[PDB]
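Participant: First the structure, then my questions, so here it is.
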Amino acid sequence: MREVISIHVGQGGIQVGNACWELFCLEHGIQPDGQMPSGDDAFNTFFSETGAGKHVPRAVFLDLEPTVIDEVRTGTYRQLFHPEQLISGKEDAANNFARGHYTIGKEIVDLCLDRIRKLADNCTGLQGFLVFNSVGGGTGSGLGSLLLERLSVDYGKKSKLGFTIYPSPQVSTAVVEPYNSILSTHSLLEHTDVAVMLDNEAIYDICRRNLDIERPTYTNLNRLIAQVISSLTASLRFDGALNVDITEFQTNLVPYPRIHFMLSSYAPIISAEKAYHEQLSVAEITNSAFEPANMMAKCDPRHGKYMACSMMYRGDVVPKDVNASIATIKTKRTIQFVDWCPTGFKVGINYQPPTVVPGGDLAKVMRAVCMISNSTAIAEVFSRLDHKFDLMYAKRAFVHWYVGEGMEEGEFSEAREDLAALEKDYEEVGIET
Amino acid sequence: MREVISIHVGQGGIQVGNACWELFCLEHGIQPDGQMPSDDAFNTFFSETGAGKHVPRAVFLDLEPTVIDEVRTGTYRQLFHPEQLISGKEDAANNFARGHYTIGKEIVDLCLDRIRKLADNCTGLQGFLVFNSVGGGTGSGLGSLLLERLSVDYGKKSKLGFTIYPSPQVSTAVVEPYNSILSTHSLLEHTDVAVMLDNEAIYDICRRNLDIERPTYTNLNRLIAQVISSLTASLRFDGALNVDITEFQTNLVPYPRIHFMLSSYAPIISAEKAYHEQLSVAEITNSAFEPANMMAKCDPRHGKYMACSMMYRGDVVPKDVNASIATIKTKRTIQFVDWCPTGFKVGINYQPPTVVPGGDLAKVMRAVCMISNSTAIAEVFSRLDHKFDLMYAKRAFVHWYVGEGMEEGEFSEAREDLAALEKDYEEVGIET
Amino acid sequence: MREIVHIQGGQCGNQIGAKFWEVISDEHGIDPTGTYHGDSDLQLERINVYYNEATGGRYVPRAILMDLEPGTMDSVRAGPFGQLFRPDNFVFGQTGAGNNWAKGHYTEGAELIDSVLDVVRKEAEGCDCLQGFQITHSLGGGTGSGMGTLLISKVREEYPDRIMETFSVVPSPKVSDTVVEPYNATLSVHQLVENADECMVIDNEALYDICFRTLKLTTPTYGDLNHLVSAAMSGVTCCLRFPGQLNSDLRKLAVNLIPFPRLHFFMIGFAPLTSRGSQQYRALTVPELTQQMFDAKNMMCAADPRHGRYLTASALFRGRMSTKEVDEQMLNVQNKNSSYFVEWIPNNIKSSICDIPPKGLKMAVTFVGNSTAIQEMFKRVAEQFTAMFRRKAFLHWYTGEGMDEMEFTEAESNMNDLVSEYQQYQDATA
Amino acid sequence: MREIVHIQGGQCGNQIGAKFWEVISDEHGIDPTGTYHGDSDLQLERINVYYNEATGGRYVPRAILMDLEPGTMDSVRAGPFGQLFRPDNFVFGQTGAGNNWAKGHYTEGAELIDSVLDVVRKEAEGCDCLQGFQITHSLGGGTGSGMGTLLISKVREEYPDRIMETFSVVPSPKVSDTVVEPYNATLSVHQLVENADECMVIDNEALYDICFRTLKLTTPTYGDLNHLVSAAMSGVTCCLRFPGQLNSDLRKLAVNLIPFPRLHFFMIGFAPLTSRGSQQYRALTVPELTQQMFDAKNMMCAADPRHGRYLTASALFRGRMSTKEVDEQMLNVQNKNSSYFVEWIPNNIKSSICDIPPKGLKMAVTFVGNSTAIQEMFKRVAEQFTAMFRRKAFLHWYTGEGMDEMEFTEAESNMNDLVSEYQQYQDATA
Amino acid sequence: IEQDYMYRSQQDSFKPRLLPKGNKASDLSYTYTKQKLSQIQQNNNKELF
Amino acid sequence: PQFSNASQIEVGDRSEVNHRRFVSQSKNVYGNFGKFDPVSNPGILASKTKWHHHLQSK
Amino acid sequence: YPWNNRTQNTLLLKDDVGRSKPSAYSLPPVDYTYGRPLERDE
Ligand SMILES: Nc1nc2c(ncn2[C@@H]2O[C@H](COP(=O)(O)OP(=O)(O)OP(=O)(O)O)[C@@H](O)[C@H]2O)c(=O)[nH]1
Ligand SMILES: Nc1nc2c(ncn2[C@@H]2O[C@H](COP(=O)(O)OP(=O)(O)OP(=O)(O)O)[C@@H](O)[C@H]2O)c(=O)[nH]1
Ligand SMILES: Nc1nc2c(ncn2[C@@H]2O[C@H](COP(=O)(O)OP(=O)(O)O)[C@@H](O)[C@H]2O)c(=O)[nH]1
Ligand SMILES: Nc1nc2c(ncn2[C@@H]2O[C@H](COP(=O)(O)OP(=O)(O)O)[C@@H](O)[C@H]2O)c(=O)[nH]1
Ligand SMILES: [Mg+2]
Ligand SMILES: [Mg+2]
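Residue numbers (the deposited numbering), protein chains in the order written: chain OK, 1 to 38, 45 to 439; chain NK, 1 to 38, 46 to 439; chain OL, 1 to 430; chain NL, 1 to 430; chain 5G, 150 to 198; chain 5C, 118 to 175; chain 5H, 9 to 50.
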């Protein structure tokens, strides 16, 4: 009777959700047509029984340009979804935040919230929401912000989980991503209980180093993200010695209401070649989970203290070995925590082993770790985006196309001062008493 | 519960590692694929994969991928973990500056990462082994850098340096005195104990005893591997008198500065067809201290002995050992320094040496491997000092070292370091 | 949904349009009779982008042809694929243009444009969801240079929100085929600079040079050149008609390309281009694609980008390749040519990927660029203008049809302005 | 990995490369069509050192052909193994240099070198990790002697760290084909001394002596001499491409062969050389190989190596053998010819070994020795140059293309300084 | 190129058959000897007329 | 006259079959381990190892 | 068989592009249990 509503908005959101739903359907055994193969009741987290036979995912797909929607509707997953919840627009916002937040998104958020209400009515023990969008796209950022502000007043205290992909320092595709990013962070700084850091160059280095892939495409990235999500959410649909629900995320990862941006890691990530020769023990895997190169974001944790760390072990991990490993991490000196946090570790355990997609790149491993960390060093991304924004805004480049959409001049200034407030808050928290 | 990791750096290091590792896998019965066909001692050098094969605890470092992909395409590809065969980009080309300041730092960090995630697996580190030839650029530079890093990363953990020093008159390099003196300066205070393994002495041994007119580097490496196996068998096999690696440097090192020893092995016996003999303990230990039988071209009769530790393997009896020792100390041709009333350490192991099929040695029920610290070792340092002085007299070849990030003073520092070392060696051997 | 109409006028524009339509028909597998004989189902998913459906299963282009002479119309009608166009869309006068900008834009154009405006507004009302317009014209002639900008303004006042692109052929002194280029060219660009949303400039001299040296053709022809430019312009809307990893339509290109409202002149290029022989020894890789597309050799105009700094660049790759290899190639080239890129705009390169390669090729890239290089062309044409205007030669013809020198003075002043505030950002530092 | 790009210029360099690529392709099992037909796997792991991959699996050389007469190009293309080269790599002038060093280095070479610079930068960027450059040319010509040296100067300017080596066919007076040889030879060697990291000289007189004596063939030809030089030039890069006990690349050889930065000229030889009607007997063991090595009249230079003292020597053995006989024989040569070796550099011989013998041999060797003997050739060249220059004969054409006597006087002064400083090391004592 | 490589590879994959049975007088004499040794018994079996 | 270069020195003696040309000495010595049944007879072992060394040399 | 990029001799000859690596040594067939099992206390 536990359920969560998932929203995929924007190109990145849709592409990630495709792999996410492939992974969920394979993990729960449901065929692409939706019919049960030739009860346990563990799908109630992500699927709803139709009454006789197949099942319906608890997801809503939304975007203004119908290319990806048409691809999904023509793909092998035509029968799985609800042909009415795959809402597609007419014309894309073209990386313009004002276009998506003021012009075209206004007549689509109505039907979007109607679908959300329809799903929530069927839902009974609703835990919360997942939102998947990219920040480097105008439509994604604007409609995500609009949808979240609407939900904040429609539902209120229900938890929201934000899986947003921030731009990397050097590698990026557009030219105006930082404007959208600063506007969207201004919007979402006070509307979401959590946000995760998922920049692209980090996973690029991940797959080039561990998986040792030379030119991987977006499919591998989305598959890794789906693995992370499944590891996070398996505790609500599988039995474990340490049961953990979403409520014990913002309970243990949010020391102050403003500080709610974390970065993630997953292990192991090994092909068949190198895992045939290596131990895969709990102590070594959790040691590798903390090393500077397996985080999902380009940040240097040695440049800042830690605030709170929560990791889920999935497989057959033993709590005694977990405790010994945590003690070893404590005795490690290169990792240091903030003074006012004696203990900041939240460990969870699940018996269900990880699952691998056929034709994928991952190897089948009986232990896995998904790690979510909030640390003081996250301020560097905000600093670099702020500096880039100042660089473009020095001579007001590209401003007039936003202005001509109806946009006012001052939100750039107030977003700038809000980001300054955020960074000074991080710096003040990071100081020792 | 006891584990040791070996590090191979340089082309000679890789070649000697090939031989030592084939020797270990033969000795432990691990067929080159790794899977055991048809105990627990292998844990000293190997780690169980969990179900099936085993993985050696070694890392190969070299900046020229020729040796690395030769190993990866050879018959021993099945053995090593694919990501521990670390290959760089540019061979130092006998240039110490390139291997120590120029391009070694982009690989030493990854090497240290490999070291940490290998050592964290084990629990009973007695020490590490390092293999390198000082007569080369990249091997010497990377070895010195690795030792300097590990000295502070770990501290009290033991190090064993099996360096390949230049031969007295034959040489394949022409600028090797410079890198040799620089690496000696680096290694004087960064390793616990080091051995002398010059090529000419082993050449003489193989031509004299093996009666072979066609030896090459393969025989060199096989003899060195036999020496290593004799040294390390005590860690993994029951013996009437066990000895540890930590039981070595607390006994063979009188003063911290003097830790360069020289080895010997006996009986190295050819397989022609003969009955040979039973190879009595007394006569084999007599042959072990033969001056021309020494593994290094250092004449013990020209100096004094500080310490000697020998290990017997087979069915050797301690009474025979003690009678033989009595005879050796009765013999006058060798003498000890006055402040060492006794200087002998003895080890006994039940396991007979294992013969490599297709090799040169024959099976024998007795063997001895001896390592000694003797005063006469100063001669090689003196001759290398003259070697380097003749070159530095007019600053030949110095300019490319200078232009690759090296300053010029450090040659004087190395020269005065060798001067201090030779003065210490001279003064330690004086009578009270 | 997501469609763009096409209007062509003048000889050069009509030839561009005819070759473009032939190229698109071949790409989408449509025979001249208007029947479909393609293979992939995906070949027809967005046929409505450029075509309209008719009774019986036939497809018709949504193109309009206009001019003051019927020679071009009945020449292109009898040619290959000439029967695609609906005959009611042919609009032609009978007086001629005389290569006189004033006579075309004022004396006959005002009376003739009624039918073409009616038909274009009919098409715009009929289409599902219009996004923008595309116009092919040449600046060196009378009829094209006049009624092009006339129709531009006329479309603009009732479509201020829709986007619009013009593939404009500019005149150059090395290849000059008329004596009155400066006058009509400056007159037209005076209104293009204030009414056009995007203008891609094409140079005959650059086309000749590329087809002579890179292509190594023995006998290049106007048909070959028109095919080249047609392929280059067709590459722009690759992801607009086909799926792709990183979709980027025309409005996305606009928002990523335009830093200031009046700076909307671009130079394009296509790759790979290999001669008859070297293609045998050649291979296909993203690094050499990037190198060829960033060669100033591959540009479609005589302006040399090495003499200026790029403002914004964009690359539409087409085929199956991974995003990163491309993206860090962009990073490396930006680092290597950092002094040749504007310094106060970090990461001024756009990358887009489409998954449907051109027929016969495994992969192909179309480059678009906005850089300070084009100021040379404006300075050159302005110099020719002032040289011809100092003695008032050829001026009495214009002045005899209600023209006067004052708006010529504002046109030259506006050109001098555009040059000044276009060079201003070249030396601007942060 | 760590490849080297081939650039050849002038008729001499073109003919040299024509046989180098023949020998290399024969060694690596490549047909005239770039098609692999080898038997062992060892022929392909390091094939990327000299070849690049093309679509379909063909391997093509990374060679750049440059010249001023198209005649050399279309002569070498029509011959066998000429289809390997990519035509885009051919660069040639249309007016020629006329054995005029001034005309080739100041007037036409600077004008033409831009394209070859572009192509060489393209190749250097295309290669993953550049190891160096290798050049083949002669100082007896004009176009080579000028444009080569200029190209070395500039490429060293762009790549001051990467090693580079050049092979020079220096003119000889007894058999001399030009009266201008002293002038351009002096100018080119002056340019080369401060630029080339390694230089290796070859004498056609010594080649003629060798083919007359040890081959006992009555009629030699330029093809035969080119084959000999190509065998020697293939031998040097043996262990760079194939495994061995002690691999020693070009950087290793450079480190071990040059005592002082201004002394980088080398004389070489090859062994064994048996007669064409060689009877079938015995085998080439180490003693006779190393004796034929140090036969001073086996060297490929007219300089008499026993006239002076060897600064250092280097041996590249090829075939499978032990190193004990190697080093003992080298010490034996040292002890028996201690007079020929200067004392303050004891043990002055490089020994290196490769496991794969040359085709049709069981054992072979290349010798590269730096000895004090080359000073006589410089002395005689300088004497001829000053004899021709004292009355200013043939100087007026060289003065008519922009330069004057200052370049000649500084070049001859630098030559005299080089000879003197090279000789003080001969009589220097320890 | 691809088809030529296919042809060359498929032809190179075939070679190792020697099986030496040069047989002129050896096999003629072998036939003679076996005929004698076999037909002697078949001569000493016949039922008389 | 024969055109072009047309070399004929023929440095290689040619017409020999060195089928053991590309055999790496390192691998062929370090990993052969042929035959050598577990017989305790020194004469048998000596004969086998002599034959093995002869094959390695040839 | 060993022509260019189809079969396995070594990594240099495999020279992979695109998606992944061709397997090299032998590898267990499809779905082997990698690494230690655990949780025996008997
Ligand atoms: N992780 C991941 N990110 C993607 C993928 N595709 C696009 N992105 C990111 O999305 C950002 C831009 O947004 P888009 O994907 O184009 O879509 P959008 O956010 O809705 O904005 P629009 O393009 O206007 O629709 C880029 O900076 C990419 O980093 C993907 O497949 N995986
Ligand atoms: N014992 C032994 N020593 C060797 C062998 N091969 C090379 N050496 C030693 O190595 C020295 C030369 O160095 P290299 O073999 O080139 O390897 P290196 O020390 O790393 O030097 P680099 O060339 O820079 O790689 C020689 O002086 C030899 O003494 C071998 O097979 N056995
Ligand atoms: N590519 C191409 N260019 C053309 C063609 N016909 C004319 N042109 C160009 O158009 C220019 C002359 O323009 P003009 O005919 O006076 O324009 P109009 O008055 O609008 O017809 C010349 O410089 C040509 O380069 C053609 O068929 N193909
Ligand atoms: N060994 C050798 N020498 C050559 C060859 N071709 C020319 N030469 C020498 O080069 C000299 C003439 O050089 P030249 O052709 O003028 O050089 P270029 O001006 O660069 O073409 C003659 O003395 C020849 O001995 C060749 O194929 N092999
Ligand atoms: Mg989009
Ligand atoms: Mg080396």
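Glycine included, every Cβ here is placed at the ideal spot set by N, Cα and C.
Beta carbon of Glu343 (chain NL), beta carbon of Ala430 (chain NL): below 7 Å?
Facilitator: Walking along the fourth sequence from the start, residue 343 (chain NL) turns up at place 343. Walking along the fourth sequence from the start, residue 430 (chain NL) turns up at place 430. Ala430 (chain NL) sits close to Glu343 (chain NL), with the two beta carbons spaced by under 7 Å.
Participant: Taking just the CA atoms, how far does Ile384 (chain OK) sit from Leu286 (chain OK)?
Facilitator: Indexing the first sequence from 1 puts residue 286 (chain OK) at position 280. Indexing the first sequence from 1 puts residue 384 (chain OK) at position 378. So the two alpha carbons sit approximately 30 Å from each other.
Participant: Just list the residues that DSSP pairs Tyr312 (chain OK) with in beta bridges.
Facilitator: For the purposes of this step, residue 312 (chain OK) is taken as residue 306 along the first sequence, with counting starting at 1. Paired residues: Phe343 (chain OK) and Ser381 (chain OK).
Participant: List the residues of chain 5C whose Cβ lies closer than 9 Å to the Cβ of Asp224 (chain NL), in chain order.
Facilitator: Taking the fourth sequence and counting its residues from 1, one reaches residue 224 (chain NL) at position 224. Within chain 5C, the residues near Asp224 (chain NL) are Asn122, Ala123, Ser124, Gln125 and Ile126.
Participant: Write down every uninterrupted run of the alpha helix (DSSP H) in the stretch 275-313 of chain OL whose length is 4 residues or greater and which is fully enclosed by it, in chain order.
Facilitator: The qualifying runs are 278-281 and 286-294.
Participant: Answer yes if the stretch 257-274 of chain OL comes into contact with the stretch 201-215 of chain OL, meaning at least three C-beta pairs across the two stretches below 8 Å, and no otherwise.
Facilitator: With a cut-off of 8 Å, the stretch 257-274 of chain OL and the stretch 201-215 of chain OL count as touching, because enough Cβ pairs lie within range.
Participant: When we look at the beta-carbon of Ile437 (chain OK) and count the other beta-carbons within 10 Å, is it buried (16 or more) or exposed?
Facilitator: Locating residue 437 (chain OK) in the first sequence gives position 431, counting from the first residue. So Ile437 (chain OK) ends up on the exposed side.
Participant: Under 7 Å between C-beta atoms, does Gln85 (chain NK) make it to chain 5H?
Facilitator: Counted from its first residue, the second sequence places residue 85 (chain NK) at position 78. It does: the Cβ of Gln85 (chain NK) has a partner Cβ on chain 5H nearer than 7 Å.
Participant: Three Cβ pairs or more, each shorter than 8 Å: is that satisfied between the stretch 244-251 of chain NL and the stretch 28-35 of chain NL?
Facilitator: no
Participant: Measure the CB-CB distance between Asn380 (chain OK) and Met203 (chain OK) and report whether it falls below 7 Å.
Facilitator: Looking up residue 380 (chain OK) in the first sequence gives position 374. Looking up residue 203 (chain OK) in the first sequence gives position 197. The answer is no: Cβ separation not under 7 Å.
Participant: Alpha carbon to alpha carbon, how far is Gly29 (chain NL) from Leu225 (chain OL)?
Facilitator: One-based indexing of the fourth sequence puts residue 29 (chain NL) at position 29. One-based indexing of the third sequence puts residue 225 (chain OL) at position 225. About 44 Å.
Participant: Have a look at the DSSP bridge pairing and note the partners of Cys199 (chain OL).
Facilitator: Position 199 of the third sequence holds residue 199 (chain OL). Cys199 (chain OL) pairs with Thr166 (chain OL) and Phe265 (chain OL).
Participant: I'd like the list of long-range same chain contacts for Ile332 (chain NK), defined as Cβ closer than 7 Å, with 5 residues on each side in sequence excluded.
Facilitator: For the purposes of this step, residue 332 (chain NK) is taken as the residue at position 325 of the second sequence. Taking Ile332 (chain NK) as the centre and dropping the five residues before and after it, the same chain places the C-beta of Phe351 closer than 7 Å to its C-beta, in chain order.
Participant: In or out: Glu113 (chain NK) buried (at least 16 other Cβ within 10 Å) or exposed?
Facilitator: One-based indexing of the second sequence puts residue 113 (chain NK) at position 106. Exposed, since its Cβ has fewer than 16 Cβ neighbours within 10 Å.
Participant: Are the stretch 207-224 of chain OK and the stretch 241-249 of chain OK touching, with three or more C-beta to C-beta distances below 8 Å?
Facilitator: no
Participant: Compute the minimum distance between the beta carbon of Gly142 (chain OK) and the heavy atoms of ligand 1, and state whether it is under 6 Å.
Facilitator: Along the first sequence, one-based indexing puts residue 142 (chain OK) at 136. At least one heavy atom of ligand 1 is nearer than 6 Å to the Cβ of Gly142 (chain OK), so yes.
Participant: So which residues of chain 5C does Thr221 (chain NL) contact, with C-beta pairs closer than 9 Å?
Facilitator: Position 221 of the fourth sequence holds residue 221 (chain NL). Neighbours of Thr221 (chain NL) on chain 5C, chain order: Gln119, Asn122, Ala123, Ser124 and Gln125.
Participant: Verify the contact flag: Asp355 (chain OL), CB atom, against every heavy atom of ligand 5, threshold strictly below 6 Å.
Facilitator: For the purposes of this step, residue 355 (chain OL) is taken as the residue at position 355 of the third sequence. No, the beta carbon of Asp355 (chain OL) sits no closer than 6 Å to any heavy atom of ligand 5.
Participant: Provide the residue(s) that pair with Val202 (chain NK) in DSSP beta bridges, ordered along the chain.
Facilitator: Taking the second sequence and counting its residues from 1, one reaches residue 202 (chain NK) at position 195. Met268 (chain NK), per the DSSP bridge assignment.
Participant: Under 6 Å: does the beta carbon of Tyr183 (chain NL) sit that close to some heavy atom of ligand 2?
Facilitator: Walking along the fourth sequence from the start, residue 183 (chain NL) turns up at place 183. Incorrect: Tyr183 (chain NL) has no Cβ contact closer than 6 Å to ligand 2.
Participant: Who are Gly148 (chain NK)'s beta bridge partners in DSSP?
Facilitator: Counting from one through the second sequence, the residue named residue 148 (chain NK) turns up at place 141. Secondary-structure assignment with DSSP links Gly148 (chain NK) through no beta bridge to anything.
Participant: Mind checking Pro160 (chain NL): buried by the 16 CB within 10 Å criterion, or exposed?
Facilitator: Translated into positions along the fourth sequence, residue 160 (chain NL) becomes position 160. With fewer than 16 other Cβ atoms within 10 Å, it is exposed.
Participant: If I follow the unbroken beta strand (DSSP E) through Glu3 (chain NK), where does it start and stop?
Facilitator: Start at 1 with the first residue of the second sequence, and residue 3 (chain NK) comes out as number 3. Element bounds for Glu3 (chain NK): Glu3 to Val9.
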